[PDB]
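Quick notes on the structure that follows.
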Amino acid sequence: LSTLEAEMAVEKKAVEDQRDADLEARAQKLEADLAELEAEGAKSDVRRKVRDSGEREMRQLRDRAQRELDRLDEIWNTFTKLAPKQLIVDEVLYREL
């Protein structure tokens, strides 16, 4: 159980590091792009729809990373409480187990 939990933590962390790395890159990109938008004369509502679109593309990146964090936690919880007579309907989960 020790080495397994240890390998699971690292795995779950590797996903976390990536989410952070990716999320800061998309934020700097938006900072660069809102910079050109102020450089040129730009309508105010146009500068906000760039941030709105940029903010939404970030929530996607985090949500996707959250999904994998939950899929990984479901794997680890299932395996640790695993007992005979339990029923597994996922089969993509089961394949990972």
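Letters A, B, ... mark the chains of the structure tokens in the order given; residue numbers begin at 1 per chain; ligand numbers begin at 1, in order shown.
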* To do: Report as a PyMOL selection string: the residues of chain A with a DSSP assignment of alpha helix (DSSP H), based on the backbone of this structure.
  => chain A and resi 2-39+44-81+92-96
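Using only C-alpha atoms, the shortest contact distance between residue 90 of chain A and any of A:21, A:39, A:10, A:75 is found at A:75.
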* **Shell of 10 Å around residue 93 of chain A, only C-alpha atoms, local chain residues under 2 positions omitted, as a ChimeraX atom specification** => /A:71-72,74-75,78,88-91,95-97
* Given the choices A:28, A:77, A:18, A:86, which gets closest to residue 64 of chain A if the distance is worked out from only C-alpha atoms? -> A:18
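Checking A:43, A:3, A:56, A:38 one by one against residue 23 of chain A, counting only C-alpha atoms, you find the shortest gap at A:56.
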* To do: Do a neighbour search on residue 73 of chain A at 10 Å with only C-alpha atoms, toss out local chain neighbours closer than 6 positions, and write the hits as a ChimeraX atom specification.
  => /A:8-9,12,67,79
Could you write those residues out with C-alpha atoms, as an mmCIF file, in the first residue's frame?
```
data_model
loop_
_atom_site.group_PDB
_atom_site.id
_atom_site.type_symbol
_atom_site.label_atom_id
_atom_site.label_comp_id
_atom_site.auth_asym_id
_atom_site.auth_seq_id
_atom_site.Cartn_x
_atom_site.Cartn_y
_atom_site.Cartn_z
ATOM 1 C CA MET A 8 -0.425 7.631 -6.920
ATOM 2 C CA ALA A 9 0.467 10.875 -5.149
ATOM 3 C CA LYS A 12 -1.831 13.076 -9.106
ATOM 4 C CA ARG A 67 -11.767 15.627 -14.322
ATOM 5 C CA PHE A 79 -8.816 -0.065 -5.319
#
```
